[PDB]
Structures are given as C-alpha cells and as structure tokens.
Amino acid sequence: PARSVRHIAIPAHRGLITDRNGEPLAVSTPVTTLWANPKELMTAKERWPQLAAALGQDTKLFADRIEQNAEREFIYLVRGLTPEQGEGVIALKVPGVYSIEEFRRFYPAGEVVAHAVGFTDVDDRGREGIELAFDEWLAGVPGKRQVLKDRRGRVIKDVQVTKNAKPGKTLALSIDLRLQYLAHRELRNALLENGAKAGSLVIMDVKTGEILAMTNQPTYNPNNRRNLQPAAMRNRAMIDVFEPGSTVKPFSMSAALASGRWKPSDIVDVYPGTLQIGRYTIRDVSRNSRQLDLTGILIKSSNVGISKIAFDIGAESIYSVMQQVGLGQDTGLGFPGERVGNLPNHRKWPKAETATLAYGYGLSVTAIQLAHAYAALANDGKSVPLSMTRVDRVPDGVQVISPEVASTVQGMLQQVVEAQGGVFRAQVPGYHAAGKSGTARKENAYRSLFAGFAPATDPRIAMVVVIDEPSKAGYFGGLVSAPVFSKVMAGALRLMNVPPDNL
C-alpha cells in the first residue's frame, strides 16, 4: 500500500489503589515501550550495532531479529523503560525508532500487602487480587486516534483524537496499612519462632464487615516477580481451605444455648476422655476429666463433651448456625480463586456425623469465613456482609444468633482466655479479650489456630491466626497462635484508639 489509516489506542491512566486512609498501595507510573518499524530500520543498517549496544542486545542477534521480521511495521525493542532510558535512545536519531509513554504499576508497600493487592501483567491488566477482581473499575477507557501512515507505516500526521482516553477510578481498600504492617511483621516473626511452613492472619471490623488486615506467609515482592514460586503467591486467607476443628465449638454451643435445653453451668460427663459411636471412637486430647460445665468443655476443647451436647440438641441446629455465620458459604467478595469451602448437609444426620460437625471436622472453611463467623458472634449475633473496599455506608446486617445467646457465648470465650487453665497467652494487656484455640492434624503435622475478638465487653475487632505445621515441640493453637493474637490485637486496638475495658 502507498498509504493507509490505522487504529492506535490512547491508553488510560489505571486507577490508584489506596488503603482505607489513602496510603498508596498500587500506583500507575510513567514508562515507555521503545518500538521500531523494521521496514524503516532496514535502510539505516550501519546504525544497528549502536542501537543494539543501547538496548544492551548482542549486535548479531539484534540484526538477525530486525532481518527475520523485515515486513512488520511493529516490533518492541523494549516493553516499559523510564521516560529517561526511552529518551537516551531517542537522542540516537536512528530511523524507525520511537518512544511512547506507557503506565507501569508500582506497589509502595511491596510484599506487606501483595496477596490483597495482587498485581497487573506486562499489559497493565489485573491478573491477581484486587487488581483482577476490580479491573473494570481500575482500567480506564482506552481512547482512540486516527493516524495517517506512509508506505512503510511511519506516522506522517495525526488526523483526530476521535474519543479521548478516560482514566480508571481510585479504589480505597478496607485495609488499614498500619494494622497490615503489624499483622505482616508479627505473622513473619511467629513463623520464624516456630519454623512453620505457612500462615494467615485476618483482622475484621465486627461493626462494618471490613477486612482491616489480611496477610499470609509465604509472601513475595510484586515489584520483582522474576524468580518466584506458585506457593508464595497463594492468598492463603481466601483460596486455601482447612478443618476449623475446635475453633467452631463455640457455634455448636450457640446452638445448644438457643435450643432451650442448656445453660452455661450445666454439666456433661466426658469420662474417660473417649466415646465409641459403633466402630468410631471420639477421643479428647486431654483425658483427666469427668464433669465439666459448658465453659470447661470449651476451655478443655472436649470433643466428647461437645458430641454429647450435639446428640441432645441435634446436628440440624448446629449446621443451621454454622451456615448462618457463613462457614462453607459464598462471601460475595468475588476474589479471584476465593474458595467457598464445604459445610456438608444431611437429610438424616447420623450420630458419627452429628459429632464430627459439632467438634469441628468434616467441614472445611477459609480463614476469612472463620473471621467473618467470629465477627457475627462479636457484633452481638449480627453478621455484616464482608468488604475489601472501604465502607462509608455500612449495610444492614442479619441477626444470625440471638443477641442474648451471642452475649452468653462472648462471656464464655472471655473465660476461655481469662479463667484458670485458659488460653492465658491470648490475653491483651488492659483489655478483656475473648477467643478459642484450635489444633488440627493433617508423621505428626499440625495446623495451629486462634480466633477471637476484643474488647470482650464491647467488641470492635475479630482476628484469626492460622499457623501451618509449626516445627518446634509446641503445636497447640494456645501455644503458637494465641501470642500473635495478643500482640496484633493489642496493636490494632491502640492504632484505632479503642478504649481499654480492663481497669
């Protein structure tokens, strides 16, 4: 062709990601894709070796590259490059060589908030995390310019900007970067001190459904993905599922206290620390108990004790409460890869299955779902829908546990933390805190769990700590996960200026 008119799209400035307070988490930065028309390059061949030397490329490899695709009017010398480099090569004055301002994501907080934020690909398109989930919102409208081109394809003149580019829109996350840094630091230190393989920490606003912090280990630097494992990129809080074990006994207890058949001072005999359901044997971890009250059952995490309560009230009431607090249910966060886990239902709940559900096995949940459950319980039985985006207008919650029952369970979990034989390492200096330890087995390999909230008497914050496969001789949730809860809850309450309730 003697001439032709071609589409070139005006790229959009991709929307700024901030934290709830406007700290920048993902920032669109000027770069420049050095490109070339081979057809024009093919008539300045003595200029190539210098060009190559400034693209650092091998002289003969470069020249082979330009040769093979001589016909094409387009080739990328580099993708991205500062508006600095890009000029250093423009000032060469090589025929068929140009620079064109692009946008590249920078992530100022780096590894600290990688799983939540995720990242864009070579093309400034969301690929993981918030970047993908909210791509539409963040990506603007590419505009369009009609350009007249000579025989070779060199832009002679620009005819019209027919439709300008529209910038993408700012997104403010629920994340509080200050809590996120603290959670990140303490989860990393807890892994080191226990030689654990992995972990997750979630902090929630029990009043707004906002995720204030979501950190996992291992993590990666999104600014430098060069050499990086598939494992280190798992948002484990959202896309990994586990058996919550003893951390859902409190929901089994909500059911019990809602049935009308149980009150806290009621007694269950759990002797001799085991119980046969035909060929199946329920085993307590500790087996030096006969009579325990309902608080003791939680303090001892007695599987026998919670199974006998379950046989009494029925699996249906237990299933119903766990369903309503959202365990194994769709959170509606539309996070890429986000799991729903499994809350298995039954027409006929047999005995074995009644017991396993009640003591926290046979179901699988995310750390985010468990945090959300603990939020509902902390917010006086009222579940607010989860959000990763800042909540200005808090939606109506659903009352999923009676306020009075919620209040009783709150008081019992405060005792689990504060009473003799309790999870004393979960205590939070000059606050009342409430919560529940858990330990799962997966050749002994543990998952170590703590879920709780504070302040105990007027809750603000729900927190889950999950440490995968601690390596020292301590593996119990109350040993491994509780101290991280203590430290990160104490920090979060201070940072949000929450009044101490233990004076």
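The first residue of the sequence shown is number 1, and the count goes up from there. We call the rigid core the largest set of C-alpha positions that still match within 1.5 Å between the two forms.
> Rigid core fitted first, then name the stretch among 260-268 and 410-418 whose C-alphas deviate most from the displayed form in 7 other deposited structures of this protein.
Between 260-268 and 410-418, greater C-alpha deviation in 7 other deposited structures of this protein belongs to 260-268.
> Taking the root mean square of C-alpha distances over all structures and residues in 7 other deposited structures of this protein, with a rigid core superposition, name the larger of 28-36 and 449-457.
More C-alpha displacement in 7 other deposited structures of this protein shows up in 28-36.
> Is it true that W48 has no coordinates in a third or more of the other entries in the comparison?
Comparison shows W48 kept in all of the other entries.
> In at least a third of the other compared PDB entries, does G474 have no coordinates?
Yes, a third or more of the compared structures omit it.
> Might you work out how many residues are unmodelled in the deposited sequence between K442 and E443, and answer none, 1 to 3, 4 to 9, or 10 or more?
The entry leaves 4 to 9 residues without coordinates here.
> On average, which has the higher Cα B-factor in the deposited entry, 231-239 or 209-217?
Taking the mean B-factor of the alpha carbons in each, 231-239 is higher.
> According to the deposited model, is the average Cα temperature factor higher in 138-146 or in 282-290?
Mean B over CA atoms: larger for 138-146.
> Sort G421, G126, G80, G199 by C-alpha B-factor from the entry and give me just the highest.
By C-alpha B-factor in the record, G80 ranks first.
> Kindly indicate the residue among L357, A258, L92, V113 with the greatest C-alpha B-factor in the PDB record.
Spelled out: the listed residue with the top C-alpha B-factor is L92.
> By the recorded C-alpha temperature factor, relative to the other modelled residues in its chain, which third is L479 in?
It falls in the top third of the chain.
> Should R20 be placed in the lowest, middle or highest third of its chain by the C-alpha B factor in the entry?
CA B-factor rank for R20: lowest third.
> So where's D330 on the chain's Cα temperature factor ranking, which third?
It falls in the middle third of the chain.
> In terms of the CA temperature factor given in the entry, to which third of its chain does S437 belong: lowest, middle or highest?
Its C-alpha B-factor, which the entry lists for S437, ranks in the lowest third among residues of this chain.
> Within this chain's modelled residues, let me know which third the CA B factor of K157 belongs to: lowest, middle or highest.
CA B-factor rank for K157: highest third.
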